[PDB]
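Residue numbers (this note's numbering): 41 to 1254.
Note that beta-carbon positions come from the ideal geometry of N, C-alpha and C, so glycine has one too.
What follows is a short report on a single structure.
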Amino acid sequence: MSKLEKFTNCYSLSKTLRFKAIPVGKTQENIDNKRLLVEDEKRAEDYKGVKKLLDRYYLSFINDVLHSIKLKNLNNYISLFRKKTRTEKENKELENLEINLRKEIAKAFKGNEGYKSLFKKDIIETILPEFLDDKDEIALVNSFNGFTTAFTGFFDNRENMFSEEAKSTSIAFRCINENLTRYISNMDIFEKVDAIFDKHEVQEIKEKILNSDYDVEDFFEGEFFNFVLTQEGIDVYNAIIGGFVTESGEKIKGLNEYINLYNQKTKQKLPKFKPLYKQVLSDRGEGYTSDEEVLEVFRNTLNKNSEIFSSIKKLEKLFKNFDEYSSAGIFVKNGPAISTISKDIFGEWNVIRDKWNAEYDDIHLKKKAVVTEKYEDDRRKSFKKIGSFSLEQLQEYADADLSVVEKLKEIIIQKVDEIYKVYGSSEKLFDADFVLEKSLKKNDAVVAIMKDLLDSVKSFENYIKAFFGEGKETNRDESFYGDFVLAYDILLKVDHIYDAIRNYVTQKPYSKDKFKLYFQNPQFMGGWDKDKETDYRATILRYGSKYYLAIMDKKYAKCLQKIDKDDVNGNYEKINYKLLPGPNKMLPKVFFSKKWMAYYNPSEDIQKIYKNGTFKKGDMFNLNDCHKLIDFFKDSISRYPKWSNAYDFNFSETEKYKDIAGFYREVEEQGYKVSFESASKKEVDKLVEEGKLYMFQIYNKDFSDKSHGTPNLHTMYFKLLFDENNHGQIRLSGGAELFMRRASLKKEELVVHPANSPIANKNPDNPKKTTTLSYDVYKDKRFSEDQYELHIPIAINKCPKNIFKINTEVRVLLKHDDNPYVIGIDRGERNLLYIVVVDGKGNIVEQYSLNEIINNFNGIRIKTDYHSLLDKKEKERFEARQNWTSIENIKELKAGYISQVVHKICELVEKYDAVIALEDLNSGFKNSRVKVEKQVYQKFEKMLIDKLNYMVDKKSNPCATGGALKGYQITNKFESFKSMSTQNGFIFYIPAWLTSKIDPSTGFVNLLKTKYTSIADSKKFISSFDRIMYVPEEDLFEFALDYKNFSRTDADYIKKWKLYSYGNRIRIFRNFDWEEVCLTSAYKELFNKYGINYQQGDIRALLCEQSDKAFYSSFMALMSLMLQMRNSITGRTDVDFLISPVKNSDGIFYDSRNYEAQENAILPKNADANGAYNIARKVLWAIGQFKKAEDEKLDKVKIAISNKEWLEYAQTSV
RNA sequence: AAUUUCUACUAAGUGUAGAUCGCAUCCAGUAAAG
DNA sequence: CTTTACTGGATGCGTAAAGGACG
DNA sequence: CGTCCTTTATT
Ligand SMILES: [Li+]
Ligand SMILES: [Li+]
Ligand SMILES: [Li+]
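See the structure below:
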């Protein structure tokens, strides 16, 4: 009955649930006594190292094989590639060449002798030890000799490097899809602009960059591509384009450089080259690890014995004898830094430039010109071209008798005598005696003095940097610059320390670093099947509502095997979990084993058809031998006791299957069982005592005895895993992991609210302004203690029954929906998200801003304005970088805000059976508050698509539609690509064009171009109007237009409009940068100012009788204000009104503000609401198309509203 | 101002409401400084 | 442009049972 | 020769 009700059980998805895991009894003691966690903590860091060691071999294998390759009909792919016109024939003759090109690369890899042990224990046990030379590196590898299985994850990531398929991860994809097309695009460019490159240049590149082994033109010939397959070749090639530095410090100009300098000297339109991409797994000052590392490298780079301090005392001596060197020989560079050097020497920021302005005049000024606006624009040009200022050119700017060269020594010594003072306050840090009282990140007092020192020293050197002076100058006093540049180049070492100490000290004080636990099992907790309980040494227990993970110690693997009691009262329950995982692989695996293929002796008919693949779809498909293979499979399952008993199969008659999938889908659906058997609590509790078993309660706060009220969605999912009413909607999956997360704080540094003192409540609509508890409350308590983490993957809808193309199903239901609602969601600079809900006729049902999230529970309505919060935390991030206090996390404030939004949209969807209309989003961002909102919207999209993959209402009875077992699926599986289209399920992506600047009452939009241009053009504008008159009864000027008389107005449906001088508009400063215009009185001012009797009927003739351009310019400016329907001021959040120059059916102008005031407004309340509304309306229009197509044609309907269709729809539907 | 984790919270007190796909790998960008 | 963290999309696994060495 | 680590199957 609702459209939603169709979208349950449509496709499967996976999720991971996270839990704390609490040791029970003495298992944390036993774990500590057997020092298991130290062992797992080390294994993790060893693991990191061996992977890098393996990668070293992986890289070498890739490399030599890539050098080995010569690509066959590479050159012929290139010939067909560059063809401008290519047939539908040869468009796909080419695309098969792409496939075979890639196939060649992968076959080169998989053809190598070694490939076979690249991802098996032999690479650890055999290949790598022979490959490495370091005895330590080899020892590190050998320490995994019993443990190679743990690398099974890593090895899959590496097998993907060697695939043929069009995957981001594939080497072949990088080579052919990405790198080769760039090379041929480069080939295109290089043959056009080859003329530009002088004979000198090509050979300079050939000499220094290429070693003279290859000519520069070789790298743009087709048959050289093979050279650039390896990274060694990519590095030469991108050096040719970008240039590079040889080790003499000579910068070598690359061809892009010569292209860019040609583009300026010629002022031409050249395309430069794009650089090629990195090759998979080649490896192209790093951040501090420890806390006392920082104290040491602080002390050791900045103490009084440091190199950095020595130059400080050396720079002091040079400036103390500043009088002695030549004032013609020292220079002050001319930069944006120049006005602060001016205000230090003379007192005013503009003195230096103004005095230079004076003497430029002395030579270049004659009184005839007086001055001109570009002769002063040509004096501004030469000042930015002055590279430097001599210490004499500054003294000649000085009036008597201020000595600029002694004043500059006062300024510098004032800067070093303050550095020594910061060395007084910082001395006890420098002693070895000093011991760190607190965590460094928490401990702001010492951090402030490190920053106090680093800041004053950085403040010093960047001041004196101006004394290099771009030099570059013919007669420097190298007496001075000699010592200066040695000191300056040493003093500059501080900036790396500066950034590195800052980045460490302003991290989050708590950390989420964890390391994986194995319990001496390389395949620990791999799966849950009962058959493998001992193999994985992990299983799940439960006591009433409380669930436990129980782990067998490696010495007592069978310790849960033989336990029973008849009463579950005071006894645990063992999970009895059986899985047949992926029949398509496990049925051939078992029945064609060497262990069993004798026992079930398959027909020589059966082997022929399995090997030849006659049961699969394709040309060699034969249904009757596919029946026979299914028949074989059913009868051997019947004699494979391990399956036949666990699942009591009830297959279809084999003659009702159309394909092999039909039977597999039946096996997989039935091949899963979960139950509980009783297990004595006494004997289990003792295993835990003795250290034969380790028990952790699976826990989150919903499991606490103090919990009332709604559980986490994820708590529902976990519990439902074992509920009898869950008939496979959610399966419990394998591949769980258990981690250990060491504490990163201690309670003693934690912020606390102590017991019995009253705490303030933060919501002001709550009349209980205080809460007072009987215990301490601590910020971030969860990080003040070690914590075990359990990750449990689940499988939602593992056997979907409702298979259909979701997009086409949404079209059919929409077609036959008498009143389909639409949710239009819009972003504006003023409003984070704006929302309008329309019914199936475009009636506004709801419209409001989501800048504030409203929530009501227990009658307490709280509003949380995330717009304010998002900006406040934004500014907390600029304050922390300068004050060196911990990052304010704004990544997550967005996620927190989006979480609220997503719940609200899903409640609107359920309430209205509505589809969503989303704004297509622009590439650029303009302002720094406007980016954070573009990302907020872009993150809103990702999460909203996700929730709509399996959309659950926690309130519902869990097996109702919309319940946790029957979640809705109204968006398609993938988040982004490539199945992307204009539509994703219920979501339709809508372009924004004329959704904002459009009168919603009339559909009127502005298609006139009113920029002044010329007097000559301005007369046909005024003369294309049907009439321009004055209506005294309304104090308005009417401009009656037929858009057919103007250019590029096809889009508009209603050709004829009458425009009026109604109300007011807001003008922008061209150089309070806004003034408010009153339209009708400005028209009278203009016509009165120039003598144009405006009360005389049609006045188009008289306006063109004027020939003062001052008139026409001002007339065209007023015309632009009348048609500017959206008026507002940026920054001020007050006005966003939308006013129209066109009258409606009942003869009244549209004013957004007439509706902003109301609470049940039938028209938009401002330009943002107008956008959302019209975003929804374009989807309504789409739905109309759906209603005009027959069902069989629905999936071909164009939902892309044309601008000409939109205007017609908007101009007709009201 | 507590959390598997995140956001906003604290109505009678160790919690409330909503959100929450992990782990590994590869790769692009984009900001800053010399 | 080099050094480095932030965040972004893309690829794989989410397994029991055959297979084999090994003390 | 039972135990524990590796390798296998692919709608
Ligand atoms: Li809750
Ligand atoms: Li607080
Ligand atoms: Li409560």
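Put simply, the backbone Cα of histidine 667 is about 54 angstroms away from that of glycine 936. With a contact defined as Cβ atoms closer than 8 angstroms, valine 941 and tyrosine 1213 miss out at about 19 angstroms. If only uninterrupted beta strand (DSSP E) runs of at least 3 residues are considered, those enclosed by the stretch 679 to 732 are 712 to 720. Taken in chain order, the complete beta strand (DSSP E) segments of 3 residues or longer contained in the stretch 333 to 387 are 371 to 373. If you draw a straight line from the Cα of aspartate 742 to the Cα of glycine 749, it comes to about 9 angstroms. With a threshold of 6 angstroms, the Cβ atom of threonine 750 counts as near ligand 1, since some heavy atom of the ligand is closer than that. The stretch 353 to 369 makes no contact with the stretch 384 to 391; the number of CB pairs closer than 8 angstroms stays below 3. Within the stretch 379 to 428, the complete alpha helix (DSSP H) runs of at least 4 residues fall at 391 to 404, 415 to 425.
Residue nearest to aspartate 323 within the set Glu695, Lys491, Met201, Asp95 is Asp95 (criterion: CA-CA distance). Cα atoms of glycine 282 and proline 376: separation of roughly 28 angstroms, rounded to the nearest angstrom.
Relative to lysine 1129, the option among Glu1116, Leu1143, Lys414 whose CA is nearest is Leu1143. When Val976, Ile884, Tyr1052 are compared, the shortest CA-CA separation from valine 1254 is found for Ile884. With fewer than 16 neighbouring CB atoms inside 10 Å of its own CB, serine 1185 falls in the exposed class. Taken in chain order, the unbroken stretches of beta strand (DSSP E) that lie wholly in the stretch 841 to 887 and span 3 residues or more are 862 to 866, 874 to 878. Between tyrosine 1190 and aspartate 1039, the C-beta gap is smaller than 7 angstroms, which places the two residues in contact.
Using a Cβ distance threshold of 7 angstroms, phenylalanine 1065 and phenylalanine 1079 count as a contacting pair. Under the DSSP definition of a beta bridge, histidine 831 partners with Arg58, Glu777.
Counting C-beta atoms within 10 angstroms of its own C-beta, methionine 1165 has 16 or more neighbours from the protein chains shown and is therefore classed as buried. DSSP places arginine 1067 in the uninterrupted beta strand (DSSP E) bounded by 1067 to 1071. Going by DSSP, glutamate 1145 is part of the alpha helix (DSSP H) stretching over 1140 to 1145. The bridge partners DSSP lists for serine 430 are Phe371. As a beta-bridge residue in DSSP terms, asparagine 1104 pairs with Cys1118.
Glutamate 695 has its alpha-carbon roughly 58 angstroms from the corresponding atom of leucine 180.
Contact between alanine 954 and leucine 948 holds, with the beta-carbon distance rounding to 6 angstroms and staying under 8 angstroms.
Look at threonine 125 here: in three-state DSSP terms it is coil, with no helix or strand label. For secondary structure counted as the alpha helix (DSSP H) over 4 or more consecutive residues, the stretch 103 to 149 holds these complete runs in sequence order: 114 to 122. For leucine 1161, no beta strand (DSSP E) segment is defined; the enclosing uninterrupted segment is the alpha helix (DSSP H) at 1149 to 1163. In this structure, the CA atom of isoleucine 1179 is about 47 angstroms from the CA atom of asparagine 752. With contacts defined by Cβ atoms closer than 7 angstroms, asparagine 185 and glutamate 165 form a contacting pair. For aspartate 72, the enclosing alpha helix (DSSP H) covers residues 67 to 73. Boundaries of the alpha helix (DSSP H) harbouring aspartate 675: 663 to 677, taken from the DSSP string. Taking the Cβ atoms as the reference, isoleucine 145 lies roughly 11 angstroms from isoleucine 102, outside the contact range of under 8 angstroms. Considered as a whole, the stretch 269 to 340 harbours 271 to 282, 295 to 306 as its complete alpha helix (DSSP H) runs of no fewer than 4 residues, in chain order. By the criterion of a C-beta distance shorter than 6 angstroms, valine 970 is surrounded in its chain by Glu869, once the five residues flanking it on both sides are discounted.
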